[PDB]
Every structure is written in structure tokens, then in C-alpha cells.
Amino acid sequence: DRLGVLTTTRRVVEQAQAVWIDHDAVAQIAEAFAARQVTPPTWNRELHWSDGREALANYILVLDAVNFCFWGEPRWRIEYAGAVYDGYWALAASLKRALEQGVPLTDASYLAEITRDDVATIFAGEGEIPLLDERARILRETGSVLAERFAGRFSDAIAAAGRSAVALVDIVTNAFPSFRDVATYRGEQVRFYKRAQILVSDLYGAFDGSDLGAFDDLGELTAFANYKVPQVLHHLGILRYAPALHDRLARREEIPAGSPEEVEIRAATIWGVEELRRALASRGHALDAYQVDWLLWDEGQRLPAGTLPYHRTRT
Ligand SMILES: Nc1nc2c(c(CN[C@H]3C=C[C@H](O)[C@@H]3O)cn2[C@@H]2O[C@H](COP(=O)(O)O)[C@@H](O)[C@H]2O)c(=O)[nH]1
């Protein structure tokens, strides 16, 4: 466990007061999923950009640099190619739209200088993308780090990882401040690395596990601790919430980042996915943790009306 995600999150799950795993539900869900050999959907080619290897690598870094927090009222929505999108697909569509119209979002020099008005345009739609100013700041940071340390080419970073997913995550968090996703729980560091790990899985997807998307150790990735997958796990009965936390989610009350409740959700998400992975493998359906994450995130796109709302964090 070379990044320390499973180890540090396990300490949280063992001590967690507001969240816990129902291991019976894990078994039952594993039974049904294994029975019908459920598979994550293939990496989406419609709403993701495609290009030569240098531009594509840079595109994946930018996509995942700003891959966070899409909730808020009035709901942020995007119109692209005769369809309306929200959440992640709104992000994806927005970038694809910008690149098609020839915005140089894969060029480090442009990213280093990108303005608030640039990103407001790129993500123009109904409402406004949350944390707009932050996204502008992250893209400027991303650009100037690319330019300074990687000759403007994320492919330089990828090459230095030598086909290790774990090594690339560590290269990314070392160089790019925005990707440093750790917190504390009762005085101990907890390590998550959501966006850094999702980046690696997205290279694998975009490059079909060849060239720059070749990795020999993808099993070492964890789930990407977000707000949608815990909502799915709660829906499937795998995550249970204590009274005050349940009521907070129901009221759509925001939870401060790094607070005990929030850290417990994220840790239990990691271990909820890991426990489902082990239970599936037990029943002869071997998937990597990132695949179980993909599969659950996909289920999260068509949850029934009146499932408990996902938790709302911000920072
Ligand atoms: N754990 C996990 N979290 C994911 C993703 C994705 C998209 N990945 C694509 C690439 C390969 C897969 O097959 C997917 O097609 C976005 N997110 C996070 O979810 C939230 C937005 O959710 P919603 O409102 O539904 O759009 C937000 O925190 C966002 O950062 C997934 O991979 N796993």
C-alpha cells in the first residue's frame, strides 16, 4: 500500500462514530453483482476529447485538475451538441466544446495565464459552475507547473513514472499543489488522493492501457473518495449513517471539509469499495478497486427518486 490510502483510511473506519459498513449488505450485493458478472462501462469516447498523445495527456491532467464539486442551486447545466448535461458530464462536455472551438486548453502557456472570464465562458450555461475562481487558479497553477517542470508536456511526468500508477500519483502530488488530498482524523493523517488516482485511471481509459496509459500496477489504486459513490453505497445498504449525519444529508446541510463526519464518509467509501471488491473476488468475480468504483459511479447516474441526498462539502 505504497501511497498509504488503505492503511490510513482503515484507522478511520475502525474508529468511525457517524458512519459504518454493513458487511451483511456487502455479501448480499456481492452475491447479486457476481451472479450477473457486472462490469464497469467502457471509458466514454463521446464526451471525452481525443487527439495526438502529447495533447491527450495534457487534456487528461486538465480534466482531472478541475474534476470536483458540481452541486449547488440553481443547478449548473451545459448545452452541448443537442443535449443538456450536469455534474461531471457538464465538465467533460464543456472542455470538449472549448477544444472543438479551438481554445488551446492543452497548451501550458495558455493555462498558466487563463483568466476568470475565460473559464466563465468555457463553462457558460444555466447557473454557474461552483468554485469558478478556484478552478481558474488551479488551471493557472497546473499550466505553470507543466511549463516549469515538464517542458509543457504531462507525457514527461508520465514517462518518469515508468508504468507505475502509484509512482505517477506520487509524481503528481509532489509537483501539483491542488492534487494534495490528505486530511486528519483524531490527530492522525489520512491520505485520500482522489483526483490524483482518478487521473491515472483516466489515462488508462483514454490510451486503452497502451503507450502513456500503460500501467502494470492498477490494482494498487483505491476508490476515488467523492460524494456520488457513498450515495450509491448507502442506497445499496453497504454504508449506514448515524442519526445526526443522516439528518444533515437529508436537509442538504453543508459539511465542512476535513471535519470528522466528512473524513469518515470518505474513508468508509474507500473501504466500502475495497470490502465489495474482496467479496466479489471471493465469489469468482475478480475486479480491481478502480473498476468497482467505476461500476458504482455509473449506478450513481440513475439512482431512484428519494434516495438520501449526497453529502455537500465544498472546500
Ligand atoms: N469515484 C468516482 N468519482 C467520479 C468519477 C467521475 C467520472 N469518471 C469517468 C471516467 C471513467 C468512468 O467510467 C467515468 O465515466 C467523476 N467523479 C466525481 O463524481 C462527482 C460528480 O458526480 P456526478 O454528479 O454524477 O456527475 C464529483 O465528485 C466528481 O469529481 C468516477 O470515475 N469515480
# chains A, B, ... in the order shown; residues from 1 in each chain; ligands from 1
$ residues_around --residues "residue 134 of chain A" --least-positions-apart "4" --cutoff "12 Å" --atoms "only C-alpha atoms" --output "VMD selection string"
chain A and resid 65 to 69 114 to 116 119 to 120 129 to 130 138 to 141 178 314 to 315
$ write_last_selection --atoms "C-alpha atoms" --output "short mmCIF file (atom, residue, chain, number, x, y, z; two decimals), in the first residue's frame"
data_model
loop_
_atom_site.label_atom_id
_atom_site.label_comp_id
_atom_site.auth_asym_id
_atom_site.auth_seq_id
_atom_site.Cartn_x
_atom_site.Cartn_y
_atom_site.Cartn_z
CA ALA A 65 -7.37 19.07 -12.20
CA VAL A 66 -10.89 20.59 -12.10
CA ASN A 67 -12.87 17.35 -11.51
CA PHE A 68 -14.72 18.29 -8.29
CA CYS A 69 -17.89 19.80 -6.71
CA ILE A 114 -6.12 31.65 -18.20
CA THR A 115 -8.47 34.28 -16.71
CA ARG A 116 -11.73 34.18 -14.73
CA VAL A 119 -13.29 29.86 -17.59
CA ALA A 120 -16.71 31.60 -17.12
CA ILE A 129 -20.06 26.15 -12.23
CA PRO A 130 -19.31 26.17 -8.44
CA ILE A 138 -5.94 25.57 -10.34
CA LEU A 139 -5.59 25.75 -14.15
CA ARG A 140 -3.05 28.61 -13.82
CA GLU A 141 -1.11 26.55 -11.24
CA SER A 178 -4.00 21.23 -5.98
CA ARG A 314 -17.26 22.42 -0.82
CA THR A 315 -13.65 23.18 0.18
#
$ residues_around --residues "segment 250-253 of chain A" --least-positions-apart "2" --cutoff "8 Å" --atoms "only C-alpha atoms" --output "list in words"
residues 246, 247, 248, 255, 308, 309, 310, 311 and 312 of chain A
$ residues_near_ligand --ligand "ligand 1" --cutoff "7 Å" --atoms "only C-alpha atoms and all ligand atoms" --output "JSON, numbers by chain"
{"A": [40, 41, 42, 43, 44, 67, 68, 69, 70, 86, 87, 88, 89, 198, 202, 223, 224, 225, 226, 227, 228, 229, 293, 294, 297, 298, 300, 301]}
$ write_last_selection --atoms "N, CA and C atoms" --output "mmCIF file, in the first residue's frame"
data_model
loop_
_atom_site.group_PDB
_atom_site.id
_atom_site.type_symbol
_atom_site.label_atom_id
_atom_site.label_comp_id
_atom_site.auth_asym_id
_atom_site.auth_seq_id
_atom_site.Cartn_x
_atom_site.Cartn_y
_atom_site.Cartn_z
ATOM 1 N N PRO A 40 -17.842 -2.478 -15.249
ATOM 2 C CA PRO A 40 -17.957 -1.033 -15.415
ATOM 3 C C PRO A 40 -18.138 -0.734 -16.898
ATOM 4 N N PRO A 41 -18.836 0.360 -17.274
ATOM 5 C CA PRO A 41 -18.932 0.728 -18.682
ATOM 6 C C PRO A 41 -17.527 1.054 -19.206
ATOM 7 N N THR A 42 -17.375 0.972 -20.522
ATOM 8 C CA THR A 42 -16.127 1.277 -21.159
ATOM 9 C C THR A 42 -15.941 2.797 -21.093
ATOM 10 N N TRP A 43 -14.687 3.225 -21.129
ATOM 11 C CA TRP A 43 -14.364 4.618 -20.957
ATOM 12 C C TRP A 43 -15.034 5.410 -22.095
ATOM 13 N N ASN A 44 -15.710 6.510 -21.743
ATOM 14 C CA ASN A 44 -16.642 7.202 -22.640
ATOM 15 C C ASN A 44 -15.870 7.968 -23.726
ATOM 16 N N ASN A 67 -11.824 18.366 -11.640
ATOM 17 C CA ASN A 67 -12.867 17.348 -11.513
ATOM 18 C C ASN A 67 -13.324 17.259 -10.048
ATOM 19 N N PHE A 68 -14.186 18.206 -9.655
ATOM 20 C CA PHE A 68 -14.717 18.293 -8.293
ATOM 21 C C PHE A 68 -15.950 19.206 -8.254
ATOM 22 N N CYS A 69 -16.815 18.931 -7.268
ATOM 23 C CA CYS A 69 -17.890 19.803 -6.708
ATOM 24 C C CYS A 69 -18.765 20.471 -7.781
ATOM 25 N N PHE A 70 -19.828 19.780 -8.205
ATOM 26 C CA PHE A 70 -20.688 20.287 -9.276
ATOM 27 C C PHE A 70 -22.092 20.641 -8.765
ATOM 28 N N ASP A 86 -25.264 17.911 -16.730
ATOM 29 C CA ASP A 86 -24.897 18.459 -15.425
ATOM 30 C C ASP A 86 -23.828 17.553 -14.796
ATOM 31 N N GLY A 87 -23.282 17.990 -13.659
ATOM 32 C CA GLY A 87 -22.241 17.250 -12.971
ATOM 33 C C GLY A 87 -21.019 17.062 -13.854
ATOM 34 N N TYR A 88 -20.389 15.889 -13.734
ATOM 35 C CA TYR A 88 -19.135 15.577 -14.422
ATOM 36 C C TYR A 88 -19.300 15.712 -15.942
ATOM 37 N N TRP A 89 -20.399 15.196 -16.500
ATOM 38 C CA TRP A 89 -20.575 15.225 -17.959
ATOM 39 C C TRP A 89 -20.642 16.674 -18.463
ATOM 40 N N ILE A 198 -7.736 9.247 -9.882
ATOM 41 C CA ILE A 198 -8.701 9.219 -10.976
ATOM 42 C C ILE A 198 -7.989 9.610 -12.283
ATOM 43 N N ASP A 202 -7.905 7.479 -15.745
ATOM 44 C CA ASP A 202 -8.390 8.175 -16.955
ATOM 45 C C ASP A 202 -7.355 8.106 -18.095
ATOM 46 N N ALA A 223 -10.598 3.294 -4.585
ATOM 47 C CA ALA A 223 -11.718 4.139 -4.963
ATOM 48 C C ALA A 223 -11.330 5.616 -4.814
ATOM 49 N N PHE A 224 -12.066 6.457 -5.540
ATOM 50 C CA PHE A 224 -11.872 7.889 -5.569
ATOM 51 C C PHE A 224 -12.934 8.507 -4.652
ATOM 52 N N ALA A 225 -12.520 8.915 -3.448
ATOM 53 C CA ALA A 225 -13.460 9.280 -2.396
ATOM 54 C C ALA A 225 -14.132 10.613 -2.744
ATOM 55 N N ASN A 226 -15.366 10.528 -3.265
ATOM 56 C CA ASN A 226 -16.170 11.644 -3.772
ATOM 57 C C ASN A 226 -17.512 11.673 -3.023
ATOM 58 N N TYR A 227 -18.539 12.307 -3.613
ATOM 59 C CA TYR A 227 -19.866 12.373 -2.967
ATOM 60 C C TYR A 227 -20.876 11.404 -3.606
ATOM 61 N N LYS A 228 -20.621 10.922 -4.828
ATOM 62 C CA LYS A 228 -21.617 10.097 -5.523
ATOM 63 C C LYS A 228 -21.550 8.627 -5.085
ATOM 64 N N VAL A 229 -20.342 8.084 -4.942
ATOM 65 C CA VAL A 229 -20.181 6.664 -4.671
ATOM 66 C C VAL A 229 -20.708 6.337 -3.277
ATOM 67 N N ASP A 293 -15.209 1.016 -8.302
ATOM 68 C CA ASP A 293 -15.540 2.435 -8.219
ATOM 69 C C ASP A 293 -16.298 2.870 -9.487
ATOM 70 N N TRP A 294 -15.728 2.602 -10.670
ATOM 71 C CA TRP A 294 -16.359 2.979 -11.949
ATOM 72 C C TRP A 294 -17.789 2.434 -12.034
ATOM 73 N N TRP A 297 -20.036 4.303 -9.602
ATOM 74 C CA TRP A 297 -20.263 5.667 -10.067
ATOM 75 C C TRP A 297 -21.304 5.668 -11.193
ATOM 76 N N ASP A 298 -21.239 4.648 -12.056
ATOM 77 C CA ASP A 298 -22.181 4.502 -13.151
ATOM 78 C C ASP A 298 -23.600 4.290 -12.604
ATOM 79 N N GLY A 300 -24.669 5.363 -9.952
ATOM 80 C CA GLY A 300 -24.985 6.660 -9.342
ATOM 81 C C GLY A 300 -25.625 7.654 -10.302
ATOM 82 N N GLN A 301 -25.636 7.328 -11.605
ATOM 83 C CA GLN A 301 -26.199 8.186 -12.648
ATOM 84 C C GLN A 301 -27.706 7.940 -12.809
#
$ closest_residue --among "A:177, A:37, A:19, A:3" --to "residue 234 of chain A" --atoms "only C-alpha atoms"
A:19
$ select_by_dssp --residues "segment 75-267 of chain A" --states "strand (DSSP E or B)" --output "number ranges by chain"
A: 77-80, 83-86, 126, 182-185, 188-191, 239-241
$ residues_around --residues "residue 146 of chain A" --least-positions-apart "6" --cutoff "9 Å" --atoms "only C-alpha atoms" --output "list in words"
residues 58, 108, 109, 112, 152, 153, 154, 157, 175 and 176 of chain A
$ write_last_selection --atoms "N, CA, C and O atoms" --output "CSV table (one decimal), in the first residue's frame"
chain,number,residue,atom,x,y,z
A,58,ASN,N,-2.1,16.0,-21.8
A,58,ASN,CA,-2.3,17.3,-21.2
A,58,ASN,C,-3.8,17.5,-20.9
A,58,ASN,O,-4.1,18.1,-19.8
A,108,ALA,N,0.2,24.6,-22.2
A,108,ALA,CA,0.7,25.1,-20.8
A,108,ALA,C,0.7,26.6,-20.7
A,108,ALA,O,0.2,27.1,-19.7
A,109,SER,N,1.1,27.3,-21.8
A,109,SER,CA,1.3,28.8,-21.8
A,109,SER,C,-0.1,29.4,-21.6
A,109,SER,O,-0.2,30.5,-21.0
A,112,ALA,N,-1.4,28.7,-17.9
A,112,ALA,CA,-0.7,29.5,-16.9
A,112,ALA,C,-1.3,30.9,-16.8
A,112,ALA,O,-1.2,31.4,-15.7
A,152,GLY,N,6.3,21.7,-20.5
A,152,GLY,CA,4.9,21.9,-21.1
A,152,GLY,C,4.2,20.6,-21.4
A,152,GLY,O,3.1,20.6,-22.0
A,153,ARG,N,4.8,19.4,-21.1
A,153,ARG,CA,4.2,18.1,-21.6
A,153,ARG,C,4.1,17.2,-20.4
A,153,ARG,O,5.0,16.7,-19.8
A,154,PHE,N,2.8,16.8,-20.1
A,154,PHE,CA,2.5,15.9,-19.0
A,154,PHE,C,3.1,14.5,-19.3
A,154,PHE,O,3.4,13.7,-18.4
A,157,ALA,N,6.1,13.8,-17.3
A,157,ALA,CA,5.7,13.2,-15.9
A,157,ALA,C,5.4,11.7,-16.1
A,157,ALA,O,5.8,10.9,-15.2
A,175,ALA,N,4.4,17.6,-7.4
A,175,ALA,CA,4.6,18.8,-8.3
A,175,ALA,C,3.4,19.7,-8.3
A,175,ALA,O,3.6,20.9,-8.5
A,176,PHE,N,2.2,19.2,-8.2
A,176,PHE,CA,0.9,20.0,-8.4
A,176,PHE,C,0.2,20.2,-7.1
A,176,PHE,O,-0.5,19.2,-6.6
$ residues_around --residues "residue 27 of chain A" --least-positions-apart "2" --cutoff "10 Å" --atoms "only C-alpha atoms" --output "MDAnalysis selection string"
chainID A and resid 22:25 29:33 238 275:276 278:280 282:283
$ write_last_selection --atoms "N, CA, C and O atoms" --output "compact mmCIF listing (two decimals), in the first residue's frame"
# COMPACT_ATOMS: atom_id res chain seq x y z
N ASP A 22 -22.05 -2.10 6.68
CA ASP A 22 -22.88 -3.27 6.93
C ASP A 22 -22.33 -4.41 6.07
O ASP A 22 -22.58 -4.46 4.86
N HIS A 23 -21.57 -5.31 6.70
CA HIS A 23 -20.83 -6.34 6.00
C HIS A 23 -21.79 -7.41 5.44
O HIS A 23 -21.48 -8.08 4.45
N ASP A 24 -22.97 -7.53 6.05
CA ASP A 24 -24.03 -8.39 5.53
C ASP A 24 -24.53 -7.88 4.18
O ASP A 24 -24.70 -8.67 3.25
N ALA A 25 -24.79 -6.57 4.08
CA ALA A 25 -25.20 -5.96 2.82
C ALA A 25 -24.08 -6.14 1.77
O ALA A 25 -24.37 -6.43 0.62
N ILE A 29 -24.91 -7.86 -1.78
CA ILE A 29 -24.66 -7.11 -3.02
C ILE A 29 -23.64 -7.86 -3.88
O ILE A 29 -23.81 -7.95 -5.09
N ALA A 30 -22.58 -8.39 -3.25
CA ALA A 30 -21.54 -9.16 -3.96
C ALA A 30 -22.15 -10.39 -4.64
O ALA A 30 -21.77 -10.73 -5.77
N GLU A 31 -23.09 -11.06 -3.95
CA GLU A 31 -23.80 -12.24 -4.48
C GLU A 31 -24.47 -11.89 -5.81
O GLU A 31 -24.26 -12.57 -6.81
N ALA A 32 -25.26 -10.80 -5.80
CA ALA A 32 -26.06 -10.40 -6.97
C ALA A 32 -25.15 -9.88 -8.10
O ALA A 32 -25.37 -10.21 -9.26
N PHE A 33 -24.13 -9.08 -7.76
CA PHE A 33 -23.25 -8.50 -8.78
C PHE A 33 -22.40 -9.60 -9.44
O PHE A 33 -22.23 -9.60 -10.65
N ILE A 238 -24.81 -0.66 2.01
CA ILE A 238 -23.45 -1.02 2.40
C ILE A 238 -22.92 0.01 3.42
O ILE A 238 -22.23 -0.37 4.36
N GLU A 275 -14.12 -3.59 0.45
CA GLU A 275 -14.83 -4.77 1.00
C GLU A 275 -15.70 -5.43 -0.08
O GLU A 275 -15.79 -6.65 -0.11
N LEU A 276 -16.33 -4.64 -0.95
CA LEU A 276 -17.12 -5.17 -2.09
C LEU A 276 -16.19 -5.88 -3.09
O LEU A 276 -16.55 -6.94 -3.62
N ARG A 278 -13.29 -7.43 -2.40
CA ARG A 278 -12.89 -8.70 -1.79
C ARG A 278 -14.04 -9.71 -1.86
O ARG A 278 -13.79 -10.88 -2.11
N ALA A 279 -15.27 -9.26 -1.59
CA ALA A 279 -16.46 -10.14 -1.56
C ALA A 279 -16.78 -10.66 -2.97
O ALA A 279 -17.16 -11.82 -3.14
N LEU A 280 -16.64 -9.79 -3.97
CA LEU A 280 -16.81 -10.19 -5.36
C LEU A 280 -15.75 -11.23 -5.74
O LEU A 280 -16.09 -12.26 -6.31
N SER A 282 -14.03 -13.24 -3.93
CA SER A 282 -14.42 -14.44 -3.18
C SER A 282 -15.42 -15.30 -3.96
O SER A 282 -15.43 -16.50 -3.81
N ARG A 283 -16.31 -14.65 -4.72
CA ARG A 283 -17.37 -15.34 -5.44
C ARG A 283 -16.98 -15.53 -6.91
O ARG A 283 -17.84 -15.82 -7.74
$ select_by_dssp --residues "segment 35-249 of chain A" --states "helix (DSSP H, G or I)" --output "PyMOL selection string"
chain A and resi 35+53-65+87-100+108-113+116-122+132-149+154-161+165-175+177-179+194-206+211-213+218-220+228-235+243-249
$ closest_residue --among "A:34, A:17, A:74, A:2" --to "residue 165 of chain A" --atoms "only C-alpha atoms"
A:2
$ closest_residue --among "A:54, A:5, A:271, A:206" --to "residue 181 of chain A" --atoms "only C-alpha atoms"
A:5
$ closest_residue --among "A:254, A:266, A:230, A:166" --to "residue 1 of chain A" --atoms "only C-alpha atoms"
A:166
$ residues_around --residues "residue 111 of chain A" --least-positions-apart "4" --cutoff "8 Å" --atoms "only C-alpha atoms" --output "ChimeraX atom specification"
/A:105-107,139-140,142-144
